[PDB]
Amino acid sequence: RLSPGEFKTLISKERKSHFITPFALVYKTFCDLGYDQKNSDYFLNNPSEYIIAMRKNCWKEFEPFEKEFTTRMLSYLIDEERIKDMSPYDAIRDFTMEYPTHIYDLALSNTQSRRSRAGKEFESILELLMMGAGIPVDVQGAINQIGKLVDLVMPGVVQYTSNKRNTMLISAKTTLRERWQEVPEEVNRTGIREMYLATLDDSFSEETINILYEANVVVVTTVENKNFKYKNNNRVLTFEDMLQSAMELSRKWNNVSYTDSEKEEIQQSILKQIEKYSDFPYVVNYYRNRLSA
Amino acid sequence: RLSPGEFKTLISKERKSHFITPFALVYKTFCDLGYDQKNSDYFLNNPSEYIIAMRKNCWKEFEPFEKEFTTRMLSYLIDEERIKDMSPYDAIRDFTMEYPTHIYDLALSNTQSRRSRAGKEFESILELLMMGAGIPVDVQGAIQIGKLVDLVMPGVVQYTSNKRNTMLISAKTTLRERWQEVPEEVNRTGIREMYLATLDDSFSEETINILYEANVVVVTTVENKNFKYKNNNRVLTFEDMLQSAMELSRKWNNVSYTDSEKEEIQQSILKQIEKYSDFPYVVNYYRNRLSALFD
DNA sequence: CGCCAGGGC
DNA sequence: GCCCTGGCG
């Protein structure tokens, strides 16, 4: 047998051993699609195309594996001795009567995985976009003044702490629902000047756009989605717009002299990130460039 | 042979047909447990107990029914002609292999319903608590003010005129990071203070303190306060909240309204009686308030 | 401690 | 258009 509690604990063991991390999957997909071979202008000019292709292919490289995983987990429930000499129809009926909780719990675990993974994959996709564009960023998940809702800080947290002038903060939510309300909260709490909110959401309202606007949160989506749903609306930006802004601001940072301590802190920031991303050559390379400059 | 989209359509049709609404279930449970006969002092004094008993009993009814529903939905995909000559073991194995999107879509639909229902039911339980306590409230789902405010004491008309001596209540069964929505709404509309009712046992001192600076006060059961937040004068119990509501409500007891405000209030109440037309206890609560405008 | 490949109400 | 009987990462 296997109690629902015991099944839940098992579900977790297997998921870990069977699935590579969201960042690992994104990185694999980045390299498989040959994005590690494109120059910086590709990322600057085609971020929507890149995001859409990444999303497409990450899902392709996940979905068949989630399907197999589910079937494996359910196999632990099948009880040969209980069902032996049952009619095949009665065996399935029994299974749908005896285990609809275990079954529900497996699927619940899967959706919860999917939600967390979708967000982390989306953030990873955007992170590699900035790295491919050659734009200096600290990844908050790789190292108050900055809430955890902010994923990317350009050009880094040390510089931002020094002065928020000429910096860019980016948050991401795949869909918004009412969860966009979290963002103005973080903006107001820490005195953030403005924040970019990257999304794939095709359904948010003019009311939402305006409330975010008043709060100095700028919604950024793919050019496809803007043109299809928000074409006229100058308060909705595209990734193309955001990348051009990021690039412009970044240039203000490519010839700066730092104090002993500041340079020390920045080095320590980048060091932390080389450590986190040790196993990913393209990313370690990105940071190394920043460190020797 | 049901396609995944067809199965989704059936699941939605069947769910609508067979499950009563969150409020209807709460109202049934309220009456089944005898709360519809308790005086206001009962609710004033025993809110935490009432809330937990309501939650337990709502779930006791719902969960067996949902289990039976799930089994019934799944039986629409059993294919006799397909499975005729397989062993029972191979039959199940095949089932686990042929319908993964179907089974997942059903469970997904179930948890999404559970999430939506859990919030609506908690809100309904708190609504009936205030009604039982005899405290005047407008229910935002029944008639500026953020859409996450559930109850407005004594009413939206009065609140709009002047928020002095009013009370606003929001509710979230669990907080996660979603508590961040509350300061956003407080700050957007200039809310003086908001009570945030929750059953969550796990929120941090940092969250408490950020909410505190935002003039949002977390309200939870006695049990949760004493187990996890015993020392902490920033975390209130439902008992504390009800005492505050009752004290503020007395300021609204014999208020003389202009004819204009009186007719707007009347409109707001009459609107809510419409929403709750099917629920005698709630209609009677509102008609007492309507009657008070002519007293 | 944040995410929401998120449908339900 | 807000809910999260919500676990995963």
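Hydrogens, waters and symmetry mates play no part in the numbers below; they use all other heavy atoms, side chains included. Naming convention: chains lettered A, B, ... in sequence-line order (proteins, then strands); numbering from 1 in each chain.
Aromatic ring orientation, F19(B) versus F65(B): perpendicular (interplanar angle above 60°, classes split at 30° and 60°). In this pair, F7(B) and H102(B) present their aromatic rings tilted. The plane angle is within the 30 to 60° band.
For DNA chain C, the span of nucleotides reached by chain A at under 4.0 Å from its heavy atoms goes, 5' to 3', from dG2(C) to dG7(C).
Residue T174(B) places at least one side-chain N or O under 4.0 Å from the OP1 or OP2 atom of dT5(D). Taking only side-chain nitrogens and oxygens, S109(A) comes nearer than 4.0 Å to OP1 or OP2 of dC8(D). For the OP1/OP2 pair of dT5(D) and a distance below 4.0 Å, the side-chain nitrogens and oxygens of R55(B) include no atom meeting the criterion. For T173(B) and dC3(D), the shortest distance from a side-chain N or O to OP1 or OP2 is not below 4.0 Å.
For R114(A) and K120(A), each mapped to the nucleotide of DNA chain C holding its nearest heavy atom, the one lying further toward the 5' end belongs to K120(A). In this structure, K56(A) and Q180(B) both approach DNA chain C, and ranking their closest nucleotides by distance from the 5' end singles out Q180(B).
A donor and an acceptor atom never sit less than 3.5 Å apart when one is taken from the side chain of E123(B) and the other from the base of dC2(D). One cannot find a donor-acceptor pair under 3.5 Å joining the base of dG1(D) and the side-chain atoms of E178(A). For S113(A) against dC8(D), a side-chain-to-base donor-acceptor contact under 3.5 Å is absent. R176(B) contributes a side-chain N or O that forms a donor-acceptor pair with the base of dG7(D) under 3.5 Å.
A donor-acceptor pair shorter than 3.5 Å can be found between the side chains of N110(B) and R15(B).
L106(B) CG to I103(A) CD1: the interatomic distance, rounded to the nearest 0.5 Å, is 9.0 Å.
A heavy atom closer than 4.0 Å to some atom of DNA chain C occurs in no member of residues 60-70 of chain B.
At a cut-off of 5.0 Å, the side chain of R115(A) touches the paired bases from the minor-groove side alone.
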- Task: Decide salt bridge (charged side-chain N to carboxylate O under 4.0 Å, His left out) for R114(A) and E63(A); before the verdict, give the C-alpha distance in whole Å, the side-chain angles of both, and the deciding distance to 0.1 Å.
- Result: CA-CA 10 Å; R114(A) 281 184 184 203; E63(A) 166 66 38; 3.4 Å; yes
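Taking the charged nitrogens against the carboxylate oxygens, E123(A) and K120(A) have no contact shorter than 4.0 Å, which rules out a salt bridge.
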